[PDB]
Amino acid sequence: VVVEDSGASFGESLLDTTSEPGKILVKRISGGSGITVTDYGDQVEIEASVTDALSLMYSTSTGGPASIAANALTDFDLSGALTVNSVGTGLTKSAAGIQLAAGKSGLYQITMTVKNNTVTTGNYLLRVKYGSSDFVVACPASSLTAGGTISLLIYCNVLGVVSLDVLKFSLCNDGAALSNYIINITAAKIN
Amino acid sequence: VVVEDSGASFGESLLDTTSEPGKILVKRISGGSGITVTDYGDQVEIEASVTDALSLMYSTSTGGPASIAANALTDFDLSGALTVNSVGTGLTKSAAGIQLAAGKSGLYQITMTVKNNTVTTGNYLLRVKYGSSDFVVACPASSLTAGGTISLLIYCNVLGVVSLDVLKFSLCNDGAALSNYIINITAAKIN
Amino acid sequence: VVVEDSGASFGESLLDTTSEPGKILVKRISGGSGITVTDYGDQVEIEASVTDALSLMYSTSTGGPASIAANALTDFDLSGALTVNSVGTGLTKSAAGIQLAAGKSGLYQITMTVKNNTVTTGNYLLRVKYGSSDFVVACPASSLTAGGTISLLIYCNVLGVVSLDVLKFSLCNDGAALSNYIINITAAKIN
């Protein structure tokens, strides 16, 4: 004979001894959001990972403006950036930033960095936006810190309206133009 | 007949052919910390997510002080903030900050942002604390960056002492009061 | 009789009714990257967590230089730092920083903080590096914010070359030496 009860746990696994009497069915195992069940003949492997993630390198040779105009923030067009790494189809680069797909509402860990050695004065202004809410931070320059960083953990509500479900990005120096810059933008959905 | 051996893997799944001889039991499948096993009749679905997370919007209309006093940091009372999103019961808002429950020791990804357009001068002082350790960062203002941000990935040891197992929060401008501000505080336990 | 079909899902679980005819084998369940299948007799528990993580406290009594020289960044030797918390063997402290092991390429959530109360002037310069890419940020001081923070979410490509697969760290004040400092460095691989 077969089957056992436990208390905690679920699906019995081989439940469904009922719906086709005389027949013990034994349910299969699927991996939902953030999981992978790989079928190695010997046993099924439950592996975890994030649903979506996109990491871009943005320079004047990977979709960037020849010169980031001094003291001013114009949202970046990242349709041409360079995809260093990505996971899933939830996060995609577009001309307005990184677009989030339908049903992708959740928490996102975002980081945008910059490095433009030739400009070590003034402050580096950074800005990530999403919907009505926009996040900022100014980073004082110097030859030792000729750049800036803005990391964020935010909740993104995805309406399902393609042009509002987008993370827009932007940065610059308040007293000089950037045309020798290396930018990095990484977005990851953790839940 | 039934059952097979594998090498790697575990529980045999239908192990426990021993403890009730003549009876093949076949163990069930439970989802521990950060997992969800949903019972779709056809098969059990293993889904992943974080254990706990809390995301607050904090303004002068969601539990905030009518005016954040200039140059000075007084821990925020977030009992009245607004819960934009939350996951689990581990992270709860209180009058001293975000409280962590018993047995919730682990790594936390924290982000507190501010935006107060009407004040574009001086620096924005931000501060997150936990126990003896406190983390800070000053953010130079400007009309383009009229705010500040502080993101953190820290290890929180939860003693189980309700008044010490709390993330306290605080920010301000070093040269003006904030009374037209929008604050956001998100905490997430990733392990 | 036994077994059932589902559509979605996998491994049938008790598949392999073929490879040893007349014998229903019933595969086992293993936990891959970021998962733990614990064998409680009653049922197997699928638990999730991160693969690797390391959290260090760095002071002049846990492998640190008696004095962090003013205005200048020298990569920190963290072989002697203090391991507040760690998860897995992927992230290990060394004399050049935190080393990543073979096959550990992936996204990393990094945070380095500093606090040196006795020095409240000038800016705190912070710097995390990895390969050719280096990330920076300057944090204006003050008695209220006598420190700095740099949080990052980056993609680390691990070549498998032990001396290049290392996160180097470094910080200081641009106008004074730090010899009463408390530093914290936490690295976590989330995918």
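So that the names make sense, note that chain A is the first sequence line, chain B the second, and so on, each numbered from 1. Computed from heavy atoms alone, side chains included, the values below leave out hydrogens, waters and symmetry copies.
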Between [X] and chain A, which part of the residue has a heavy atom less than 4.5 Å away: side chain, backbone, both or neither?
{"X": "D134(C)", "answer": "both"}
{"X": "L107(C)", "answer": "side chain"}
{"X": "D174(C)", "answer": "neither"}
{"X": "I46(C)", "answer": "side chain"}
{"X": "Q109(C)", "answer": "side chain"}

Would you mind checking if [Y] and [X] are paired as a salt bridge, meaning a charged N to carboxylate O distance below 4.0 Å?
{"X": "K168(C)", "Y": "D75(C)", "value": "yes"}
{"X": "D16(C)", "Y": "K23(C)", "value": "no"}
{"X": "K27(C)", "Y": "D42(A)", "value": "no"}

Toward chain C, the part of [X] with a non-hydrogen atom under 4.5 Å:
{"X": "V87(A)", "value": "side chain"}
{"X": "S55(A)", "value": "side chain"}
{"X": "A146(A)", "value": "backbone"}
{"X": "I35(A)", "value": "side chain"}

Between [X] and [Y], a side-chain donor and acceptor under 3.5 Å:
{"X": "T83(C)", "Y": "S86(C)", "result": "no"}
{"X": "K189(A)", "Y": "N191(A)", "result": "no"}
{"X": "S9(C)", "Y": "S30(A)", "result": "no"}
{"X": "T92(C)", "Y": "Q99(C)", "result": "no"}
{"X": "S61(C)", "Y": "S59(C)", "result": "yes"}
{"X": "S67(C)", "Y": "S179(C)", "result": "no"}

For chain C, the option from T186(A), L144(A), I150(A) that forms the most heavy-atom pairs under 4.5 Å: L144(A)
Heavy-atom pair count under 4.5 Å with chain C, highest-scoring of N85(A), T113(A), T17(A), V37(A): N85(A)
Under a 4.5 Å cutoff for heavy-atom pairs, which residue among [options] has the most contacts with chain A?
{"options": "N157(C), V137(C), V1(C)", "answer": "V1(C)"}
{"options": "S133(C), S151(C), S13(C), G34(C)", "answer": "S151(C)"}
{"options": "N123(C), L126(C), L152(C), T111(C)", "answer": "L152(C)"}
{"options": "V2(C), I190(C), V50(C)", "answer": "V2(C)"}
{"options": "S33(C), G11(C), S19(C)", "answer": "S33(C)"}

Among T118(A), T60(A), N117(A), side-chain hydrogen bond (donor to acceptor under 3.5 Å, both in side chains) partner for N180(A):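 That would be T118(A).
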